[PDB]
Amino acid sequence: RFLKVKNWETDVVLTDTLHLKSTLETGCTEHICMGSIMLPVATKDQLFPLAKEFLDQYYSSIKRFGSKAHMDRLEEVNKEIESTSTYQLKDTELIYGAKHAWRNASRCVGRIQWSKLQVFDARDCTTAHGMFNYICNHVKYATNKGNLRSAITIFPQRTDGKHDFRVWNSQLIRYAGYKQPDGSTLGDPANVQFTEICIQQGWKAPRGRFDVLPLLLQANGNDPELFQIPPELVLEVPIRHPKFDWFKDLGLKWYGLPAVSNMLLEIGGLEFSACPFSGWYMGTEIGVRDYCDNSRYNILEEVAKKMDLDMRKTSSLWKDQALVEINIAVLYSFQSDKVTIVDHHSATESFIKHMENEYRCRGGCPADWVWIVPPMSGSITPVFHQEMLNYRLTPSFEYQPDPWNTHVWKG
Amino acid sequence: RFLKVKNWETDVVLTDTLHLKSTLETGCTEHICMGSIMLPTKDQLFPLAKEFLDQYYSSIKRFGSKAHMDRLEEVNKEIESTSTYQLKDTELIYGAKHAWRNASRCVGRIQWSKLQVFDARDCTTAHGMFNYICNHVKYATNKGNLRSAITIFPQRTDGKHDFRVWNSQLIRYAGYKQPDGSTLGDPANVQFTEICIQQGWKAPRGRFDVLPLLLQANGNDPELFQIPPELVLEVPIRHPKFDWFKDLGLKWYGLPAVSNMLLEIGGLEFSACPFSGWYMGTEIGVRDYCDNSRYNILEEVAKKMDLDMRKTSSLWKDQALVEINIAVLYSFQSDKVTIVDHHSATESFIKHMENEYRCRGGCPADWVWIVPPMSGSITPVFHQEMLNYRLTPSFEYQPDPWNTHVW
Ligand code: HEM
Ligand code: HEM
Ligand SMILES: Cc1cc(N)nc(C[C@H]2CNC[C@H]2OCCNCCc2cccc(F)c2)c1
Ligand SMILES: Cc1cc(N)nc(C[C@H]2CNC[C@H]2OCCNCCc2cccc(F)c2)c1
Ligand SMILES: C[C@H](O)[C@H](O)[C@H]1CNc2nc(N)[nH]c(=O)c2N1
Ligand SMILES: C[C@H](O)[C@H](O)[C@H]1CNc2nc(N)[nH]c(=O)c2N1
Ligand SMILES: [Zn+2]
């Protein structure tokens, strides 16, 4: 079956055959679409077929499908599975696997870069202190004094599900949130819970509006342990505006390195529950979501007062006006300090080129329109007008429950 | 069976049971989501009628009463004899209100039960259609105090005697391809404009020429008609801060009136059913004015604003977008023509959803369409999970008649 997608701005039609490979479920049915729903121990039995499918993919990618080396690898993995109930990936397979999980991430607009990904193999790691060291090196390499480089660090795979490696942080770098008795929140409201957990684990909170959180690291199923990332390793950018001199007095800053640390990486049926990865920001992530969401820093009102906008009625579009200014400020501040950032116009234009290329060379590109279209100025970006098909390919990045919900405390 | 939808900003969770009454297919499968694809007999007619009549009689709390069963036998008999049937006026009104209620891509549904239904099922000619349409336009415009309305022409018979309005909307602006190779006026209507000209329309060849109506009655060739200009309320576009805004030469019409869709009630097909409401400001200010394949005025406006157009990262397009949208709303408000901004419309829609979940067990909603084409995440709908499914009665798309009609 061939499926077509059309761009309604350019009339370009593309043909997807790749979706035929898709194994997993979407959440939708012939009678209901769950396209806007945010979230819609493996055995020997299920494991070899997952391993085979992955090695067939890997050996096709290197143009050695059906070779002796291909056949020998299948038998060796099969034998390792019957012997030990699991198997170990080669370095090369691990690299290919991690790159492909990114290549397959349908909610990621930054995928044009998928094949430049620095893979750090941390599968010899045994302790939380070892994790902290691996994570510091990742941050330093990825930050690169502002010239950001994509990277992922891969800790040991799940075994019985009782010995998981986890990074308890949702991102490697984030700011604390503190609920006051009067119901107001100081810092980032998204991190209130995680911040309480840290404090309870013995973190001494400085209790300001931008306190970088400590790392909370679990190795081999043990109780997690706290670490402060060295501050010379945390690149931050004070936010100012190219025309509004008062913008700086809002006291805003943000960190330069977006690094997601709470996803599960699946490769050939193996589960990597700690696999922190990082790229660089698209401006709207900070300026639209982090600063302007009502449940986040929520600065729209304050910024609009300072611009003296008419706030008596929504139809003055004061919210929209202040929103664009904050986003100019974010981009300007990053560019002036030579910290890599991409604006939403440029990122979306690159994505369309990436998608066309993927359709030609790969037979498709799974994409989640709800997520790809930026949270401001939707239809002035070319992705708004692009039909997309969403489907699940492996290797993949998946969500997993927050560890404080599942962890067995040892004391 | 029971499905939950969460709002991530407010933590409100709703439970959807209404989806279980869906019959039509979505285009998705368990292996693929098509949520962003724009277009994904006697025997057939009776279950359809029975399903419609059951929901009707239940809506007036007479499910399974004497009247209910009686109507079912009467429709059954008429189907058995004539191969079709006729809706009672009450059913036609209910079916139209519900097709709007069920329109998953419409953010304006809080208003669904206040719809004026004009029954035009006695119409026989294009001149008659023209009269009904003018009456619809004058009624709906109401000197700027807009009122929602639908006019419903005779249902389909053999499919060779279709009533059709060939316009996509009752009121739209002409578009002309030029020697230069550029486009004057609205490029979305270049083809339609040409069909009007090959029908003998004398085009003023301007940037805002109201198109004639092209009306097909009973399967015949369509005929041209000019709407009386005094019936077409228009708004000159000016800006509350920027004096120079007036000089761009911009205006828009007050009445949004979709005229190319098909209304399905009880298995009966109404191929001509123009309906109208009132604008959300972004439809004009973001889509009509700023789409690259439309009026595409971004470059011009950013110019008058002396913005830095060197690099995309100065957000010049975004700054200009906002001003333009302020201007559209300001103009309509100053002229007392009903309009709603995207903030107010999406807040009403969240309220409507809450109403529908408690009263009806759900609300079918297409997030890709409900979320405004600007400032998405600062509107509450962005943070609202929605379930999309197809309920009947419904509005459906149909082929452009010029690809189908036999001249
Ligand atoms: C190189 C620059 C990159 C840019 C500009 C970028 C852009 C983005 C953006 C804007 C999102 C949406 C996140 C949200 O709104 O919550 C996203 C999601 C995602 N990206 Fe990227 N990305 C980049 C690199 C990467 C890398 C290196 C990986 C992994 C190797 C990755 C994998 C993912 C995944 C798995 C998601 C889904 C997150 C979720 O569902 O919560 N991306 N990307
Ligand atoms: C009265 C105020 C109304 C507002 C503010 C409103 C708002 C909108 C908007 C913004 C769209 C999306 C159109 C697009 O982006 O192309 C839409 C679509 C739609 N609306 Fe409404 N609406 C209103 C009344 C109505 C009425 C009276 C009906 C019919 C009785 C209706 C039925 C529909 C349908 C069927 C669609 C989908 C059309 C398509 O797919 O092209 N709406 N509405
Ligand atoms: C690698 C990378 C590069 C980049 N530019 N941006 C990113 C996403 C990060 C940063 N800016 C947002 C954050 O995204 C990670 C969290 N994403 C939403 C998680 C979520 C919450 C609730 C329900 C769900 F289903 C999912 C990663
Ligand atoms: C009744 C009403 C009120 C309102 N405020 N707004 C409206 C939508 C009108 C106005 N502003 C746009 C137009 O919408 C009608 C055309 N809609 C898209 C047609 C289409 C093309 C190609 C593929 C598709 F799947 C669909 C109706
Ligand atoms: C309900 C809705 O699906 C949810 O708010 C989504 C919408 N699109 C998104 N898109 C991105 N990139 N990130 C998000 O967090 C969301 N949130
Ligand atoms: C490809 C994509 O589905 C298409 O551009 C859609 C997206 N969302 C939309 N939303 C509305 N309200 N109107 C539209 O025309 C569209 N276009
Ligand atoms: Zn779907």
# chains A, B, ... in the order shown; residues from 1 in each chain; ligands from 1

$ select_by_dssp --residues "segment 158-339 of chain B" --states "alpha helix (DSSP H)" --output "compact mmCIF listing (two decimals) with C-alpha atoms, in the first residue's frame"
# COMPACT_ATOMS: atom_id res chain seq x y z
CA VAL B 190 -7.94 32.07 -10.01
CA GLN B 191 -9.61 28.98 -11.49
CA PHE B 192 -13.11 29.82 -10.33
CA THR B 193 -12.71 33.41 -11.60
CA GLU B 194 -11.79 32.03 -15.04
CA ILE B 195 -14.88 29.80 -15.13
CA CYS B 196 -16.99 32.89 -14.37
CA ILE B 197 -15.27 34.77 -17.22
CA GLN B 198 -15.78 31.84 -19.66
CA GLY B 281 -10.19 37.40 13.30
CA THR B 282 -7.31 35.04 12.47
CA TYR B 289 -3.85 37.91 4.29
CA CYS B 290 -0.63 36.07 5.13
CA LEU B 298 3.64 40.02 5.04
CA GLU B 299 6.55 41.41 3.03
CA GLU B 300 4.67 44.69 2.31
CA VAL B 301 3.59 45.32 5.93
CA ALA B 302 7.00 44.55 7.49
CA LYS B 303 8.31 47.16 5.03
CA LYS B 304 6.06 49.99 6.24
CA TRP B 316 9.83 40.38 11.49
CA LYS B 317 7.14 38.07 10.06
CA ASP B 318 5.79 37.39 13.53
CA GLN B 319 5.72 41.10 14.55
CA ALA B 320 3.89 42.08 11.38
CA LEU B 321 1.46 39.17 11.75
CA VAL B 322 0.34 40.51 15.13
CA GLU B 323 -0.17 44.14 13.95
CA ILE B 324 -2.21 42.91 10.97
CA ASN B 325 -4.45 40.93 13.29
CA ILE B 326 -4.89 43.84 15.68
CA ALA B 327 -5.95 45.86 12.60
CA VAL B 328 -8.59 43.36 11.45
CA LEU B 329 -10.23 43.16 14.87
CA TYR B 330 -10.03 46.97 15.35
CA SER B 331 -11.65 47.63 12.01
CA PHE B 332 -14.56 45.19 12.51
CA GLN B 333 -15.17 46.47 16.05
CA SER B 334 -15.07 50.14 15.00

$ residues_around --residues "residue 82 of chain B" --least-positions-apart "5" --cutoff "12 Å" --atoms "only C-alpha atoms" --output "list in words"
residues 41, 42, 45, 74, 75, 76, 77 and 157 of chain B

$ write_last_selection --atoms "N, CA, C and O atoms" --output "compact mmCIF listing (two decimals), in the first residue's frame"
# COMPACT_ATOMS: atom_id res chain seq x y z
N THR B 41 -29.17 3.04 -1.84
CA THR B 41 -30.20 2.07 -2.18
C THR B 41 -31.28 2.08 -1.12
O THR B 41 -31.11 2.69 -0.07
N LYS B 42 -32.38 1.38 -1.40
CA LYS B 42 -33.43 1.11 -0.42
C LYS B 42 -32.87 0.46 0.85
O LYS B 42 -33.27 0.81 1.97
N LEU B 45 -30.64 2.90 2.96
CA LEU B 45 -31.36 4.07 3.44
C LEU B 45 -32.11 3.82 4.75
O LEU B 45 -32.19 4.72 5.59
N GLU B 74 -44.02 4.97 8.90
CA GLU B 74 -44.33 5.93 7.81
C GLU B 74 -43.12 6.15 6.87
O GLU B 74 -43.28 6.11 5.64
N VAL B 75 -41.94 6.39 7.46
CA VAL B 75 -40.70 6.53 6.70
C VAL B 75 -40.39 5.21 5.97
O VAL B 75 -40.08 5.22 4.76
N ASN B 76 -40.53 4.11 6.70
CA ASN B 76 -40.25 2.76 6.16
C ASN B 76 -41.09 2.50 4.90
O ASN B 76 -40.62 1.92 3.89
N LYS B 77 -42.38 2.86 5.02
CA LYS B 77 -43.33 2.67 3.92
C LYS B 77 -42.94 3.52 2.70
O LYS B 77 -42.93 3.02 1.56
N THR B 157 -31.53 13.18 -5.71
CA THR B 157 -32.44 12.12 -6.14
C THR B 157 -31.64 11.00 -6.83
O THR B 157 -31.19 10.07 -6.16

$ interface_residues --of "chain A" --to "chain B" --cutoff "7 Å" --atoms "only C-alpha atoms" --output "MDAnalysis selection string"
chainID A and resid 9 22 24:37 293 295 314:317 320:321 324 328 331 343 345 369:370 375:380 387:391

$ write_last_selection --atoms "N, CA and C atoms" --output "compact mmCIF listing (two decimals), in the first residue's frame"
# COMPACT_ATOMS: atom_id res chain seq x y z
N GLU A 9 0.53 24.38 0.27
CA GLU A 9 1.19 25.63 -0.12
C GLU A 9 1.90 25.46 -1.48
N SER A 22 6.17 -0.42 9.89
CA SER A 22 5.77 -0.11 11.26
C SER A 22 5.21 -1.32 12.02
N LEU A 24 4.46 -1.24 15.84
CA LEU A 24 3.71 -0.88 17.05
C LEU A 24 2.39 -0.10 16.81
N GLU A 25 1.56 0.01 17.85
CA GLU A 25 0.23 0.64 17.78
C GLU A 25 0.30 2.17 17.96
N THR A 26 -0.66 2.92 17.40
CA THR A 26 -0.63 4.40 17.50
C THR A 26 -1.51 4.95 18.62
N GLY A 27 -2.56 4.22 18.97
CA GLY A 27 -3.57 4.78 19.86
C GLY A 27 -4.87 5.00 19.11
N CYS A 28 -4.80 5.21 17.80
CA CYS A 28 -6.01 5.42 16.98
C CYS A 28 -6.66 4.13 16.52
N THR A 29 -7.89 4.25 16.03
CA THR A 29 -8.58 3.16 15.36
C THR A 29 -9.30 3.71 14.13
N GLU A 30 -9.92 2.82 13.37
CA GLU A 30 -10.70 3.21 12.20
C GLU A 30 -11.86 4.15 12.58
N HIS A 31 -12.20 4.22 13.87
CA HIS A 31 -13.36 4.97 14.35
C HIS A 31 -13.04 6.17 15.26
N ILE A 32 -11.79 6.26 15.73
CA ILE A 32 -11.37 7.35 16.62
C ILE A 32 -9.91 7.76 16.37
N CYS A 33 -9.65 9.07 16.41
CA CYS A 33 -8.28 9.57 16.25
C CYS A 33 -7.78 10.14 17.58
N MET A 34 -6.64 9.63 18.03
CA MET A 34 -6.04 10.08 19.30
C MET A 34 -4.78 10.88 19.06
N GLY A 35 -4.75 11.56 17.90
CA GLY A 35 -3.61 12.36 17.48
C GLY A 35 -3.24 13.50 18.42
N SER A 36 -4.17 13.95 19.26
CA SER A 36 -3.80 15.00 20.21
C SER A 36 -3.76 14.52 21.66
N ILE A 37 -3.79 13.21 21.87
CA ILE A 37 -3.61 12.67 23.21
C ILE A 37 -2.09 12.65 23.46
N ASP A 293 3.84 29.81 29.06
CA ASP A 293 2.79 28.91 29.54
C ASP A 293 2.26 29.47 30.87
N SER A 295 1.19 27.66 33.28
CA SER A 295 1.70 26.72 34.30
C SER A 295 3.21 26.77 34.46
N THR A 314 -8.91 41.20 25.52
CA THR A 314 -8.09 40.25 24.75
C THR A 314 -7.86 40.68 23.28
N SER A 315 -8.86 41.36 22.70
CA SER A 315 -8.87 41.71 21.27
C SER A 315 -7.86 42.79 20.88
N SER A 316 -7.19 43.38 21.86
CA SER A 316 -6.04 44.25 21.60
C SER A 316 -4.80 43.40 21.24
N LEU A 317 -4.91 42.08 21.45
CA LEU A 317 -3.80 41.13 21.18
C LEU A 317 -2.53 41.48 21.93
N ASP A 320 -0.36 38.45 22.39
CA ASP A 320 0.36 38.08 21.18
C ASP A 320 1.55 39.02 20.96
N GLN A 321 1.33 40.30 21.27
CA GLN A 321 2.37 41.31 21.11
C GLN A 321 3.55 41.06 22.03
N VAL A 324 5.71 37.82 20.96
CA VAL A 324 6.72 38.02 19.92
C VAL A 324 7.98 38.74 20.48
N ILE A 328 11.89 37.39 20.37
CA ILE A 328 12.99 38.21 19.79
C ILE A 328 14.12 38.29 20.79
N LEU A 331 16.13 34.93 21.19
CA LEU A 331 17.01 34.67 20.04
C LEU A 331 18.20 35.64 20.03
N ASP A 343 15.81 29.55 15.14
CA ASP A 343 14.47 30.12 15.22
C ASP A 343 13.50 29.14 14.56
N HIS A 345 11.29 29.57 12.17
CA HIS A 345 11.21 29.67 10.70
C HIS A 345 12.26 28.80 10.04
N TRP A 369 2.21 16.02 13.58
CA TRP A 369 1.97 17.39 13.18
C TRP A 369 1.70 18.27 14.41
N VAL A 370 0.95 17.71 15.37
CA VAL A 370 0.57 18.37 16.60
C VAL A 370 1.80 18.90 17.34
N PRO A 375 4.60 26.47 18.61
CA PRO A 375 3.50 26.98 19.43
C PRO A 375 3.19 28.46 19.24
N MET A 376 3.91 29.12 18.34
CA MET A 376 3.46 30.43 17.85
C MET A 376 3.57 30.47 16.33
N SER A 377 2.76 31.35 15.71
CA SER A 377 2.90 31.66 14.28
C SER A 377 2.80 30.42 13.39
N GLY A 378 2.03 29.43 13.84
CA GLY A 378 1.81 28.20 13.09
C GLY A 378 1.80 28.32 11.57
N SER A 379 0.79 28.99 11.00
CA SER A 379 0.63 28.94 9.55
C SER A 379 1.63 29.81 8.74
N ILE A 380 2.46 30.61 9.41
CA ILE A 380 3.57 31.30 8.70
C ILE A 380 4.85 30.44 8.62
N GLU A 387 0.98 18.01 4.97
CA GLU A 387 0.39 16.77 5.47
C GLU A 387 1.54 15.85 5.95
N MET A 388 1.29 15.13 7.05
CA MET A 388 2.24 14.21 7.67
C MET A 388 1.53 12.91 8.05
N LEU A 389 2.31 11.84 8.17
CA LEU A 389 1.81 10.55 8.60
C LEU A 389 2.56 10.17 9.83
N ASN A 390 1.82 9.76 10.84
CA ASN A 390 2.45 9.39 12.08
C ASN A 390 2.31 7.89 12.31
N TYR A 391 3.46 7.27 12.59
CA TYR A 391 3.56 5.85 12.84
C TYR A 391 4.86 5.57 13.61

$ residues_around --residues "segment 347-350 of chain B" --least-positions-apart "5" --cutoff "8 Å" --atoms "only C-alpha atoms" --output "list in words"
residues 107, 108, 109, 110, 379, 380 and 381 of chain B

$ residues_near_ligand --ligand "ligand 2" --cutoff "6 Å" --atoms "only C-alpha atoms and all ligand atoms" --output "list in words"
residues 100, 103, 105, 106, 107, 108, 148, 149, 275, 276, 277, 278, 279, 280 and 395 of chain B

$ closest_atom_pairs --of "chain A" --to "ligand 6" --cutoff "6 Å" --atoms "only C-alpha atoms and all ligand atoms" --output "tab-separated table"
residue	atom	partner	partner_atom_place_in_ligand_line	distance
A:384	CA	ligand 6	5 (O)	4.9
A:385	CA	ligand 6	5 (O)	3.5
A:386	CA	ligand 6	1 (C)	4.3
A:387	CA	ligand 6	1 (C)	3.8

$ write_last_selection --atoms "C-alpha atoms" --output "PDB file, in the first residue's frame"
ATOM      1  CA  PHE A 384       1.542  23.989   9.030  1.00  0.00           C
ATOM      2  CA  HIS A 385       0.714  23.376   5.363  1.00  0.00           C
ATOM      3  CA  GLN A 386       2.431  19.959   5.169  1.00  0.00           C
ATOM      4  CA  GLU A 387       0.391  16.771   5.473  1.00  0.00           C
TER       5      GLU A 387
END

$ select_by_dssp --residues "segment 213-261 of chain B" --states "strand (DSSP E or B)" --output "number ranges by chain"
B: 213-216, 223-225, 234-236, 251-253, 257-258

$ closest_residue --among "A:268, A:195, A:288, A:368" --to "ligand 7" --atoms "only C-alpha atoms and all ligand atoms"
A:368

$ residues_near_ligand --ligand "ligand 3" --cutoff "9 Å" --atoms "only C-alpha atoms and all ligand atoms" --output "ChimeraX atom specification"
/A:37-40,108-110,150-152,170-171,257-262,276-286,289-290,341-342,399 /B:8

$ write_last_selection --atoms "N, CA, C and O atoms" --output "compact mmCIF listing (two decimals), in the first residue's frame"
# COMPACT_ATOMS: atom_id res chain seq x y z
N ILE A 37 -3.79 13.21 21.87
CA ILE A 37 -3.61 12.67 23.21
C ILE A 37 -2.09 12.65 23.46
O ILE A 37 -1.35 12.09 22.64
N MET A 38 -1.63 13.22 24.57
CA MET A 38 -0.18 13.26 24.84
C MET A 38 0.46 11.88 25.05
O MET A 38 1.57 11.65 24.58
N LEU A 39 -0.24 11.00 25.76
CA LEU A 39 0.21 9.61 26.06
C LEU A 39 -0.90 8.58 25.78
O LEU A 39 -1.64 8.22 26.68
N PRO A 40 -1.05 8.15 24.52
CA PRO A 40 -2.14 7.20 24.18
C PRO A 40 -1.81 5.70 24.39
O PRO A 40 -0.64 5.34 24.61
N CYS A 108 9.95 15.12 16.87
CA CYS A 108 11.17 15.95 16.84
C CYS A 108 11.35 16.66 15.51
O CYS A 108 11.50 16.00 14.46
N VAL A 109 11.33 17.99 15.55
CA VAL A 109 11.49 18.80 14.34
C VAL A 109 12.96 18.95 13.93
O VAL A 109 13.26 19.47 12.84
N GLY A 110 13.87 18.54 14.81
CA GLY A 110 15.32 18.77 14.60
C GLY A 110 16.05 17.62 13.92
O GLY A 110 17.26 17.58 13.92
N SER A 150 25.37 17.73 19.23
CA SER A 150 24.41 16.69 19.65
C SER A 150 25.12 15.46 20.25
O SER A 150 26.11 14.98 19.70
N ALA A 151 24.58 14.93 21.35
CA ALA A 151 25.19 13.76 21.97
C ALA A 151 24.19 12.95 22.76
O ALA A 151 23.17 13.47 23.17
N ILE A 152 24.48 11.66 22.97
CA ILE A 152 23.69 10.85 23.88
C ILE A 152 24.66 9.98 24.66
O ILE A 152 25.66 9.54 24.11
N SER A 170 14.17 15.13 34.80
CA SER A 170 13.52 15.08 33.49
C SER A 170 14.43 15.66 32.39
O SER A 170 14.44 15.15 31.28
N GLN A 171 15.20 16.70 32.72
CA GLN A 171 16.34 17.13 31.87
C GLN A 171 17.56 17.29 32.77
O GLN A 171 17.43 17.60 33.98
N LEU A 257 21.78 24.32 27.21
CA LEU A 257 21.77 22.92 26.76
C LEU A 257 20.47 22.17 27.07
O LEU A 257 20.23 21.83 28.21
N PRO A 258 19.63 21.93 26.04
CA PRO A 258 18.44 21.09 26.24
C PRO A 258 18.86 19.61 26.19
O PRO A 258 19.41 19.17 25.17
N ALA A 259 18.63 18.87 27.27
CA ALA A 259 19.15 17.50 27.43
C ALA A 259 18.10 16.66 28.15
O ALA A 259 17.96 16.76 29.39
N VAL A 260 17.36 15.87 27.38
CA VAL A 260 16.25 15.08 27.91
C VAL A 260 16.82 13.82 28.55
O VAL A 260 17.53 13.06 27.90
N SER A 261 16.46 13.56 29.80
CA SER A 261 17.08 12.48 30.54
C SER A 261 16.12 11.43 31.15
O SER A 261 16.57 10.50 31.84
N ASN A 262 14.83 11.54 30.86
CA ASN A 262 13.83 10.61 31.39
C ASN A 262 13.14 9.64 30.39
O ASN A 262 12.16 8.96 30.75
N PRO A 276 20.41 9.78 28.51
CA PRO A 276 20.24 11.21 28.31
C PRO A 276 20.81 11.72 26.99
O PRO A 276 21.91 11.36 26.60
N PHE A 277 20.04 12.57 26.29
CA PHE A 277 20.48 13.07 24.99
C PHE A 277 20.26 14.58 24.91
O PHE A 277 19.42 15.13 25.61
N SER A 278 21.01 15.25 24.04
CA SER A 278 20.97 16.70 23.98
C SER A 278 21.18 17.20 22.57
O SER A 278 21.81 16.54 21.74
N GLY A 279 20.56 18.33 22.24
CA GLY A 279 20.88 19.01 21.00
C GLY A 279 21.12 20.47 21.29
O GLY A 279 21.99 20.83 22.09
N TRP A 280 20.36 21.32 20.61
CA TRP A 280 20.33 22.74 20.91
C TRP A 280 18.90 23.22 20.73
O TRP A 280 18.08 22.56 20.09
N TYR A 281 18.59 24.37 21.33
CA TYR A 281 17.24 24.89 21.37
C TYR A 281 16.69 25.48 20.09
O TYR A 281 17.43 26.07 19.29
N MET A 282 15.39 25.29 19.89
CA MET A 282 14.60 26.16 19.03
C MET A 282 14.05 27.22 19.95
O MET A 282 13.56 26.91 21.06
N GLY A 283 14.15 28.49 19.54
CA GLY A 283 13.78 29.61 20.40
C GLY A 283 12.44 29.55 21.10
O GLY A 283 12.32 29.90 22.29
N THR A 284 11.40 29.12 20.39
CA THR A 284 10.05 29.05 20.97
C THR A 284 9.92 28.12 22.16
O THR A 284 8.98 28.26 22.96
N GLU A 285 10.80 27.14 22.27
CA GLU A 285 10.73 26.25 23.43
C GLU A 285 10.88 27.07 24.74
O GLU A 285 10.19 26.79 25.73
N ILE A 286 11.81 28.03 24.73
CA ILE A 286 12.07 28.88 25.88
C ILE A 286 11.04 30.02 25.90
O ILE A 286 10.32 30.21 26.88
N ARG A 289 7.02 28.48 25.44
CA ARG A 289 6.58 27.47 26.43
C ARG A 289 7.09 27.71 27.87
O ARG A 289 6.28 27.81 28.81
N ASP A 290 8.41 27.80 28.04
CA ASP A 290 9.04 27.95 29.35
C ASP A 290 8.65 29.28 30.00
O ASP A 290 8.31 29.34 31.20
N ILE A 341 21.47 28.43 18.73
CA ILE A 341 20.01 28.43 18.79
C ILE A 341 19.48 28.45 17.36
O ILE A 341 20.19 28.90 16.43
N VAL A 342 18.24 27.96 17.16
CA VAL A 342 17.58 28.03 15.87
C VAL A 342 16.20 28.67 16.06
O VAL A 342 15.52 28.41 17.07
N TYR A 399 8.39 7.08 26.39
CA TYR A 399 8.18 7.55 27.75
C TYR A 399 8.22 6.39 28.72
O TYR A 399 8.05 5.23 28.32
N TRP B 8 -3.86 19.79 30.12
CA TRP B 8 -2.57 19.79 30.80
C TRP B 8 -2.21 21.09 31.53
O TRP B 8 -1.30 21.11 32.34

$ residues_around --residues "residue 141 of chain B" --least-positions-apart "3" --cutoff "10 Å" --atoms "only C-alpha atoms" --output "ChimeraX atom specification"
/B:136-138,144-149,231-233,254-256,276-278,337-338

$ residues_around --residues "segment 120-124 of chain A" --least-positions-apart "4" --cutoff "10 Å" --atoms "only C-alpha atoms" --output "count of residues only"
21

$ closest_residue --among "A:408, A:326, A:383, A:148" --to "ligand 1" --atoms "only C-alpha atoms and all ligand atoms"
A:148

$ closest_residue --among "B:201, B:402, B:252, B:132" --to "ligand 4" --atoms "only C-alpha atoms and all ligand atoms"
B:252

$ residues_around --residues "residue 44 of chain B" --least-positions-apart "5" --cutoff "12 Å" --atoms "only C-alpha atoms" --output "VMD selection string"
chain B and resid 49 to 51 79 to 80 83 to 84 266 to 268

$ write_last_selection --atoms "N, CA and C atoms" --output "JSON list (two decimals), in the first residue's frame"
[["chain", "number", "residue", "atom", "x", "y", "z"],
["B", 49, "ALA", "N", -32.07, 5.96, 8.30],
["B", 49, "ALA", "CA", -33.26, 6.71, 8.72],
["B", 49, "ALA", "C", -33.62, 6.34, 10.16],
["B", 50, "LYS", "N", -33.61, 5.04, 10.45],
["B", 50, "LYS", "CA", -33.94, 4.54, 11.79],
["B", 50, "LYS", "C", -32.97, 5.05, 12.84],
["B", 51, "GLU", "N", -31.69, 5.10, 12.50],
["B", 51, "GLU", "CA", -30.71, 5.62, 13.42],
["B", 51, "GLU", "C", -30.99, 7.12, 13.69],
["B", 79, "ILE", "N", -40.01, 4.81, 1.98],
["B", 79, "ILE", "CA", -38.76, 4.29, 1.43],
["B", 79, "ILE", "C", -39.07, 3.07, 0.56],
["B", 80, "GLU", "N", -39.95, 2.20, 1.08],
["B", 80, "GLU", "CA", -40.34, 0.98, 0.38],
["B", 80, "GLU", "C", -41.03, 1.26, -0.95],
["B", 83, "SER", "N", -38.42, 4.92, -2.76],
["B", 83, "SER", "CA", -36.95, 4.73, -2.70],
["B", 83, "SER", "C", -36.19, 5.84, -1.95],
["B", 84, "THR", "N", -36.91, 6.90, -1.58],
["B", 84, "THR", "CA", -36.39, 7.96, -0.70],
["B", 84, "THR", "C", -37.48, 8.34, 0.32],
["B", 266, "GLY", "N", -29.99, 11.54, 8.13],
["B", 266, "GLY", "CA", -30.82, 10.34, 8.00],
["B", 266, "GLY", "C", -30.64, 9.63, 6.67],
["B", 267, "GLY", "N", -29.44, 9.72, 6.11],
["B", 267, "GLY", "CA", -29.12, 9.07, 4.84],
["B", 267, "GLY", "C", -29.49, 9.90, 3.63],
["B", 268, "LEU", "N", -30.12, 11.06, 3.86],
["B", 268, "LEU", "CA", -30.51, 11.96, 2.78],
["B", 268, "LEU", "C", -29.41, 13.00, 2.57]]

$ atom_distance --atom1 "atom 1 (C, counted along the ligand's line) of ligand 4" --atom2 "atom CA of residue 273 of chain B"
11.2 Å

$ decode --residues "segment 109-121 of chain A" --atoms "C-alpha atoms" --output "compact mmCIF listing (two decimals), in the first residue's frame"
# COMPACT_ATOMS: atom_id res chain seq x y z
CA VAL A 109 11.49 18.80 14.34
CA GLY A 110 15.32 18.77 14.60
CA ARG A 111 15.84 15.45 12.81
CA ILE A 112 17.75 16.84 9.82
CA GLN A 113 20.80 16.38 12.07
CA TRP A 114 20.03 12.71 13.00
CA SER A 115 23.21 11.22 11.56
CA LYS A 116 25.58 13.63 13.43
CA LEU A 117 25.03 12.33 16.94
CA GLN A 118 27.96 11.71 19.22
CA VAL A 119 27.28 8.41 21.02
CA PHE A 120 28.88 7.89 24.42
CA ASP A 121 28.90 4.23 25.44
